[PDB]
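A.B. asks: Quick one: the structure is below, and I'll ask about it shortly.
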Amino acid sequence: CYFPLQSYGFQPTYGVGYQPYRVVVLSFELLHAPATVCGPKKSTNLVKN
Amino acid sequence: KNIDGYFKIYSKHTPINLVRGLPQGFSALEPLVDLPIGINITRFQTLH
């Protein structure tokens with residue numbers, strides 16, 4: 001019978017390979033709902049005549 | 001109203017003189033907001 005949760009030892013003295021990395025995972029899913037989020041646009045100069 | 005899942009909301013505000021019923025006159029309603037919600041609504045209520 002074992003307690004599943006274990007602890008991460010965190011100190012600056014540990015080696016570089018085992019240093020903790022903060023990971024941000026973006027989940028891209030295209031559903032049948034109307035699309036909203038889009039990439040950034042670009043505005044150019046306006047000329048007349 | 002619900003158009004292709006996009007709620008189209010229109011609004012108008014004007015002062016009137018009305019005892020009861022509706023007055024006789026003509027007015028147009030200006031656009032307010034457009035809500036991309038897309039949920040089915042079969043009923044509604046009012047708050048007071």
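Ordered as shown in the structure tokens, chains take letters A, B, and onward, while each chain numbers its residues from 1 and ligands are numbered from 1 in the order shown.
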Show me which bits of chain A are within 10 Å of chain B, counting only C-alpha atoms, as number ranges by chain.
C.D. replies: A: 33-36
A.B. asks: Need the shell around residue 13 in chain B: protein/DNA/RNA residues with any atom at most 12 Å away, counting only C-alpha atoms. Skip same-chain ones fewer than 5 positions apart. Format as a ChimeraX atom specification?
C.D. replies: /B:27-32
A.B. asks: Please provide the set of residues having any atom within 8 Å of residue 33 in chain B, restricted to only C-alpha atoms, with same-chain residues fewer than 3 positions apart removed, written as an MDAnalysis selection string.
C.D. replies: chainID B and resid 8:10
A.B. asks: Go ahead and write the residues just picked, N, CA, C and O atoms, as a compact mmCIF listing (two decimals), in the first residue's frame.
C.D. replies:
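Produced file selection_14.txt, reproduced below:
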# COMPACT_ATOMS: atom_id res chain seq x y z
N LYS B 8 -28.72 38.76 -33.14
CA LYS B 8 -28.72 40.13 -33.63
C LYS B 8 -29.65 40.96 -32.75
O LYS B 8 -30.87 40.74 -32.75
N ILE B 9 -29.07 41.89 -32.00
CA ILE B 9 -29.80 42.71 -31.04
C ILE B 9 -29.92 44.13 -31.58
O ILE B 9 -28.91 44.74 -31.96
N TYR B 10 -31.14 44.64 -31.61
CA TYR B 10 -31.44 45.99 -32.08
C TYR B 10 -32.15 46.76 -30.98
O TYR B 10 -32.91 46.18 -30.19
A.B. asks: Just to confirm, what's the straight-line distance from CA of residue 39 in chain A to CA of residue 25 in chain A in Å (one decimal)?
C.D. replies: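 A separation of 18.0 Å between them.
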